[PDB]
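In what follows, a structure is listed as structure tokens, so that the remarks can point back to it.
Please treat every number below as a calculation from the coordinates, not as lab data. Because the Cβ atoms are built from the backbone with ideal geometry, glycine has one as well, and the counts that use them run over all protein chains shown.
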Amino acid sequence: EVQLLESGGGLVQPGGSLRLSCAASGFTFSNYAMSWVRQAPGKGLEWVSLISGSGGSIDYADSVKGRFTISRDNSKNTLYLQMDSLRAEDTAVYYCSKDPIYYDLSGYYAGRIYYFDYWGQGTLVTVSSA
Amino acid sequence: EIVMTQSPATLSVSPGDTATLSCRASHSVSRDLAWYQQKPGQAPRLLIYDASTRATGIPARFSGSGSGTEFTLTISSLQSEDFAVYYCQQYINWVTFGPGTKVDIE
Amino acid sequence: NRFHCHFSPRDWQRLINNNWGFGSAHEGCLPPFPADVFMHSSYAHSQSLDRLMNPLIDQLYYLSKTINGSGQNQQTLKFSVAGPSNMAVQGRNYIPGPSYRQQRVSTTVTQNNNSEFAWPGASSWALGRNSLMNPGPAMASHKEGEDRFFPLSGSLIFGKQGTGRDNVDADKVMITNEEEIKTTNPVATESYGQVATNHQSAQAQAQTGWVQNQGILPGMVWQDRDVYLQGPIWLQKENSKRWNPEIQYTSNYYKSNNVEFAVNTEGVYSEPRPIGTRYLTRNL
Amino acid sequence: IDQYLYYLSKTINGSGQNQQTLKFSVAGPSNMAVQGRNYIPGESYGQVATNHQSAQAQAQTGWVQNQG
Amino acid sequence: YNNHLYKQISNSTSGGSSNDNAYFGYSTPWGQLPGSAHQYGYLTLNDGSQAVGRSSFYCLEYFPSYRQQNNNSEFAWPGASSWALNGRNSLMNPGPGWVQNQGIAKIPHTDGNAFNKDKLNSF
Amino acid sequence: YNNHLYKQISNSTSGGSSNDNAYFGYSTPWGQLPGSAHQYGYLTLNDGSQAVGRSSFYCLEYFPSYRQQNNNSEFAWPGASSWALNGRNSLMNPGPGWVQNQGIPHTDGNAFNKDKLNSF
Amino acid sequence: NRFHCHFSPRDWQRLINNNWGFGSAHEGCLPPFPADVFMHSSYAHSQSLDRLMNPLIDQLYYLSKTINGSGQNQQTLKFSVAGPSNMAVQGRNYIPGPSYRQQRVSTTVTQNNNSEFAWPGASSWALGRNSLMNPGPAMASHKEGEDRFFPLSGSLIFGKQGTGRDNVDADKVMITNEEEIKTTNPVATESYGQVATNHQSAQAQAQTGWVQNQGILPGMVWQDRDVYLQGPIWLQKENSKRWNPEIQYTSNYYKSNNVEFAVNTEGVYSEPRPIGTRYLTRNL
Amino acid sequence: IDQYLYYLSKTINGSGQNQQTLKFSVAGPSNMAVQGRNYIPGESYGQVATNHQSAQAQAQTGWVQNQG
């Protein structure tokens, strides 16, 4: 079945940059659009960025824009997130998520992402000086 | 930036009772919405998508309703298996989530 | 006069996976599903038109440098060999086909300009009446690696089963794209190229201009538009020596509520997506 | 008789800010200018897009004075 | 050639860095298969230095005007007539109000125109 | 039957009782195609009420011992001999230290309107 | 005596997509790729053995109720018609094939027991020597919906190009699963079924026990094990009337550093994944 | 000569807590008992797994006193 698994997240000082990765399996990874979503410790959920299919289209939330860059390698069925220039305001559990809609060459990527079909057990990122 | 609003900030009901959860939308989202439950220390899971459709493998006691601004989630025959914060999403414009409603058991 | 009259989805698949080859588009055509009662190149080139060269071997000369350096009166003529290090300049016997440019629209609406440009910005031809150019000359829909852009009237658009008549949403319709023919055809949303607009001299720099439309020139080659299961109508075996496996049209194996190209619970037959036939490949 | 083909009818919902949308319509005897055609002719000949539109740039066209 | 090997060659293998000159292909030990006015090698479909899934690998062991343009400026490339194909500009060489352009070798096939299991590396 | 329609039937259209009884298939107007001791209908591959990519749709318009088990308890289904296939139990019916069992299909071994007419 | 000796990956594709059918497994076979110098039913059932019934029509009686209700001295016998509402109890002419149970292992390591059970917890046979049971009788690898689990010694495990000899990580090998044969074959990690262990009476409840292995019984039908491009060795056209399109074996459309089933920059040929023979479907 | 088939050598790295791992090894003349064999014979006939192992439960087996 579908299985989303997030790799290393740790402690980074403000202004530092770390990289996250998600190993997806149990489904054809290239066909769907993957998204990162964020939940601050007491706060609710916040969408961060999305990459679709091949990776031609990439969009970010206005909070993360210019700091964060998302990318995927279809060859290795991995989704990446590169966090740069972090703040203390950017610390929360991070979730790897999946778009339900299916993409093939005979068609175009839908303009927007839909509901989040599957979720990984999120990795946590603390940004503090300690 | 459609702002979503979860009507009860928290809720407490006994098992076997129905629980009516609802959220509102700052602008029309027409049958584009979703419901998630997040148990403590787990990832969210899709309950309902669009206005009302149940995700695969979801119990039949969960039901969605509503269109446009205001929507409703109802849990028939609530059990103890269900203690979670419930969120609502919009997939119109850029995705935004509601603040959540914690269903507490008596 | 549509293919799904004569071909089942499995019969269509049997055709497009194994074979290199084989009137106003109005309604009222025979239904695609036999229980209802009612009232050509098929391959994608594996090479581009610009890459046909041998990558290991040099060729012919081209003009590399018009100035020795920066300064006054630096004019010079320097020449180089065309080869693998610079492939853009090499001599070629054949060139891509004709183009008539389409405006480019994005499936992401916020990428689009906030104005009503549907009829205003579309390409057209006059006959004293304006006729939209649809679908127009055959051109690739989008550049390789691009999935959100599509030509304004460049490609065919089919509606999904149940779609209304007027002002339907983007999700309801199915838009076909012809990326496959991009190797020998120009992209529908791009200029065909650039030309020189003047005679240079010491006092005037070389000036260029874009080519929005380019007719037939001797040496052009092009692919025609693809046919679809749903499209209008009016065997060649696959001989290839290719070592690695082809792209085939298949149906995804993943649990879903319905079976694609089958009836649903209410008895309505539907065709989920547009199936054209370009899957196998040929050398250019 | 209608065509089974669609064209892009409306790119905005109305006057205002951030109104972008995509709406499609069947081409039929109601609107004959937009129908898909198999053959084209060989006053200006027509118009072509000169640029990529975006939120910043409006769609621009230009006159085709000669065609082959 | 190539020590009796088929070796993937790519844009980046040679240092690359330019999109117009990006290529992907294979070099072969040799000296239905893929006239260019020049060892046997060939190019197939590419995206940058990466290869798209439609690319092919062949084992050979298995057998009208377009106006053309001295000022003291560099205009070799910037002042050149070119045609663009899939986001790659290509010089027009040789090639065929003011009408700058007016329309009407193998032809491309188109519609119109101790035992060990390792292989032996020692020769 | 079915007002001349092919209609999808499944475990859900019957209410979706339980895992062992879940199914997916089609009911046909009729009365290479898919002996069960019984309108023509058929079943195909399913996962729960859903179907998978191998599920096929056919348009008919297109033409030893195994021990078997009164106590005051309900032992009908619990105390019955069964065999499991893909995680679904089926009664062994009829069918063929103490040895409770002993061993010895095509398989390897053994005005104009475009809408369809609903008026009849 | 391996299929890739005689078949290219492309030729293998032609075989499995279009056709229903066509010594210790040691090293030293002719190299898969010709430039190296060195020192059967191909289909999946569209029905499952338990579902062969007509879904719309009743059958024969079964024992529905052995007690009227809660209480004492409630013994009674009730019967019901075998029909669509309850499909588990219907009479069936044929039963699934034999089984010899394998231990189950998860590819997620944290949910595997923290002990060394490779050799101890493995199914084996004795001939005064103990030989492991590998791969064993033909059995499904896992239940529908669990892809992570695999039989300890149940399947054929191939190594990736360059994989070492000893104690390689799970990503250096390729594990094949017989998902297709589940329709007629019991899961390798599940019991065959249950049998009665006693005679019930007023003084004893009906007692049952699990069958952990089963030999041939009259009326069993089963599928053999699939063969692979890599696997050991020692035409039939498709007649199907299926309306919707088949599942096919296809190469991926995404851009990648290397083309699948080809050489890299160093000249090393590799096989990225195992290819089974079962894609087209038949009725049961 | 080695086989090209791999078998599961190790389910734990070493002694300790939380040592779960999966390692594989070529079946070869070194260890013959674990080679994949095409045919089987017709004392106990062997052992079979009687349970699903998990983090909670150890792998259990039982003896086969009769087989067909």
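Structure above, values below:
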{"quantity": "Total charge dipole magnitude, the range G:1-104, about the Cα centre, Cβ charges on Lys, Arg, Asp, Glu only, Debye to nearest 20", "calculated": "360"}
{"quantity": "Share antiparallel - DSSP beta bridges, the range B:4-105, percent rounded to 5", "calculated": "90"}
{"quantity": "Descending semi-axes in Å of the range G:193-240, equivalent ellipsoid built from Cα gyration tensor", "calculated": "44, 15, 9"}
{"quantity": "Proxy reagent accessibility, fewest Cβ within 10 Å first, across F:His106, G:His199, F:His4", "calculated": "G:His199, F:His106, F:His4"}
{"quantity": "B:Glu81 paired with C:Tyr254, simple spin-label distance in nm, labels 7 Å along Cα-to-beta-carbon", "calculated": "2.6"}
{"quantity": "Cα-centred dipole magnitude for the protein assembly as shown, charges only on beta-carbon of K, R (+1) and D, E (-1), debye, nearest 20", "calculated": "1020"}
{"quantity": "nm² value of the averaged projected area, convex hull over the Cα atoms of chain D", "calculated": "6.8"}
{"quantity": "Simple label model, 7 Å out from Cα along Cβ direction - E:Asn116 to A:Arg87, nm", "calculated": "5.9"}
{"quantity": "Distant-in-sequence amide H partners of B:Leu73 (H built 1.01 Å from N, under 5 Å)", "calculated": "B:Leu21, B:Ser22, B:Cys23"}
{"quantity": "Cβ-based charge dipole, the range B:19-77, positive-most Cα from B:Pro59, B:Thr74, B:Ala25", "calculated": "B:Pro59"}
{"quantity": "All-pairs Cα distance distribution in the range C:109-170, expressed in whole percent, bin size 10 Å", "calculated": "16, 40, 39, 5, 0"}
{"quantity": "Taking the C-alpha atoms of chain C, convex hull volume expressed per residue in Å³", "calculated": "235"}
{"quantity": "Farthest toward positive dipole pole in chain F [+1 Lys/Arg, -1 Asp/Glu at C-beta], among F:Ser14, F:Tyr42, F:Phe120", "calculated": "F:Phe120"}
{"quantity": "Fraction of beta bridges assigned by DSSP in the protein assembly as shown that are antiparallel (%, nearest 5)", "calculated": "90"}
{"quantity": "Cut-off 20 Å (backbone N to label point 7 Å along Cα→Cβ of E:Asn89), residues of the range D:28-68", "calculated": "D:50-53"}
{"quantity": "Cα-Cα over 21 Å, subset of A:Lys76/G:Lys160; A:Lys98/G:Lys172; C:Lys241/E:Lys106; E:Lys7/E:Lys119", "calculated": "A:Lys98/G:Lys172"}
{"quantity": "Options A:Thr78, A:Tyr109, A:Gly9, ranked by Cα towards positive dipole end of chain A, top entry (Cβ charges)", "calculated": "A:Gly9"}
{"quantity": "Förster radius 60 Å - calculated FRET efficiency between A:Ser129 and H:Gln60 (Cβ-Cβ, nearest 0.05)", "calculated": "0.70"}
{"quantity": "Sites H:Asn38 and G:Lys172 - FRET efficiency at Förster radius 30 Å, r taken between beta-carbons, to 0.05", "calculated": "0.70"}
{"quantity": "For the range B:4-105, size of Cβ-based charge dipole, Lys and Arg +1, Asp and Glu -1, in debye", "calculated": "120"}
{"quantity": "Equivalent-ellipsoid semi-axes of the range B:4-105, from the Cα gyration tensor, Å, largest first", "calculated": "21, 14, 13"}
{"quantity": "For the range B:42-100, projected area of the alpha-carbon convex hull averaged over all directions, nm²", "calculated": "4.7"}
{"quantity": "Fraction of beta bridges assigned by DSSP in chain C that are antiparallel (%, nearest 5)", "calculated": "85"}
{"quantity": "Label-to-label distance, nm, for residues given as G:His199 and F:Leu33 (7 Å Cα→Cβ offset)", "calculated": "4.9"}
{"quantity": "Formal net charge of residues neighbouring G:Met39 (Cβ-Cβ distance under 12 Å; K, R +1; D, E -1)", "calculated": "-1"}
{"quantity": "Directionally averaged shadow of the protein assembly as shown, computed from the convex hull of its alpha-carbon atoms, nm²", "calculated": "55.0"}
{"quantity": "Percent of Cα-Cα distances greater than 22 Å, calculated over the range A:1-121", "calculated": "30"}
{"quantity": "Debye intensity ratio in log₁₀ form over the Cα atoms of chain F, taken at each q of 0.16, 0.18 Å⁻¹", "calculated": "-1.06, -1.21"}
{"quantity": "Translational diffusion of the range C:94-225, µm² s⁻¹ [Kirkwood Rh, Cα pairs; Stokes-Einstein; 20 °C; 1.002 mPa s]", "calculated": "128"}
{"quantity": "Modelled FRET efficiency - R0 35 Å, F:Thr13 with H:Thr50, Cβ distances, 0.05 increments", "calculated": "0.30"}
{"quantity": "The protein assembly as shown - mean residue ellipticity at 222 nm from DSSP helices (-39,500 (n - 2.57) per run, n ≥ 4, rounded to 500)", "calculated": "-500 deg cm²/dmol"}
